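First up is the structure itself, then whatever we jot down about it.
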2 protein chains.
Amino acid sequence: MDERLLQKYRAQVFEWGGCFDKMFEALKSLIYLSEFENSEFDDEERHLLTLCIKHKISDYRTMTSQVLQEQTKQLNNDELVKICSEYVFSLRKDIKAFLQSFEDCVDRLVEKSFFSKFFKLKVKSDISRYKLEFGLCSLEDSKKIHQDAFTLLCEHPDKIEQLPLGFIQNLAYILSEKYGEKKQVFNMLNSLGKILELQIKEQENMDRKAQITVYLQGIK
Amino acid sequence: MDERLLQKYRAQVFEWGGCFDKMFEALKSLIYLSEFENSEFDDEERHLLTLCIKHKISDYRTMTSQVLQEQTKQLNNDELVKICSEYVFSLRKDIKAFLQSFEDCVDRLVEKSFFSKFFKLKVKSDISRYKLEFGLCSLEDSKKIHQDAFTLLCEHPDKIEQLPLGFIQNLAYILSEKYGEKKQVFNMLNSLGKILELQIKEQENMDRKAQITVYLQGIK
């Protein structure tokens, strides 16, 4: 066990203990080590990275809502209300800081495999949606990152099976329903569908035909 | 609003946000301020103090049990198990440190009212039970603190109504069921009962008679 494996273990154990700030410190070390050695993350490392932001955001939401709920039930205590507001503001400043640091890390992810390139853009897209909500980026800049991930997917139909189908569906869903690209997405996926139909036709192996069909169906 | 009131507010707000370590820092400041001014805690300050230890202990228990549960479900990963054990040990060391610091604070509580004297001993008793479990005190030393609180209660039957009835019942319950003083406790409470019967007999006011009866019944 070297430092990189230790940090995977520490990140998991901190996640189990609900210590998301210590988990993030271990992940920062993973990012640095992988970058230093120019060695792509494995899937367990990627999963811990996305769990970290999920948890930090969820905590922020819970803590904020708990304080605001209690604030409103205090009758006529202007001073206590001000303390609640100050605390709520600090929590928001801290989550914004977290998003900035986490995004620094994600930008430094090593890319080699097709999935690693798509993964970086997917996670950057996810970050941009939080940054949109929290006053850290424009709608234009957020949309652009989602478009970049969708473009990469569509430029390499031969490698579609290297990507999780749910990532594909969520990106399609977000771009069409939230960014007003329903027409672009339907058109691009129509084309991707045809390319997969051909892949299926040309694939001799019956089990492989069925595997590609999962994506073809998933895309419709 | 002065610093002492601010810290009451900060302690409450940190409790609402589930930030028990920040809550404890605010309480440490309350303790120092009250000690400095020789000015007894009010009941809201006392309640925040006992909430703090309740929460810290509950968190420790949850975090420990979560990590141990996951540890056992990993098949053959000796290195990850060792990391889990190291983390579990650190959490225990930290809760022990917390108990030491919290006990320092409680020892520095200002005493003036009868209830403030009983409260200090009651909280010290509660701390001693955790310290017993965590290897920080002997059974003898824990028992002694519980006896000191029970003695104070019994030496001042005229002031019984200044104490919460549940505190009295819990102390009686603990001393008789956990410290093998069933005989002492039954005897002392028999005597306290008789003193309250007399107080009731001698109290002209009917509403006051009923108020004392609540304690007389509670004690049986």
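Residue numbers begin at 1 in each chain, while the letters A, B, ... track the order of the sequences. All values below come from the heavy atoms of this structure, side chains included, with hydrogens, waters and symmetry mates left out.
Considering only heavy-atom pairs separated by less than 4.5 Å from chain B, the leading option among A:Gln71, A:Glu70, A:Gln66 is A:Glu70. Chosen from A:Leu5, A:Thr64, A:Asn77, the residue pairing most often with chain B at heavy-atom distances under 4.5 Å is A:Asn77.
Contact check on A:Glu15 versus A:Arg10 returns no salt bridge, with no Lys/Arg side-chain nitrogen under 4.0 Å from an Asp/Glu carboxylate oxygen. Here B:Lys8 does not pair with B:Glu45 in a salt bridge; the nearest charged N to carboxylate O distance is not below 4.0 Å. Using a 4.0 Å cut-off between a side-chain N of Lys or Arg and a carboxylate O of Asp or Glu, B:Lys124 and B:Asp148 do not qualify as a salt bridge.
Looking at A:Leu91, neither its backbone nor its side chain comes within 4.5 Å of chain B, counting heavy atoms on both sides.
One N or O on the side chain of A:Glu40 and one on the backbone of A:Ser113 form a donor-acceptor pair closer than 3.5 Å.
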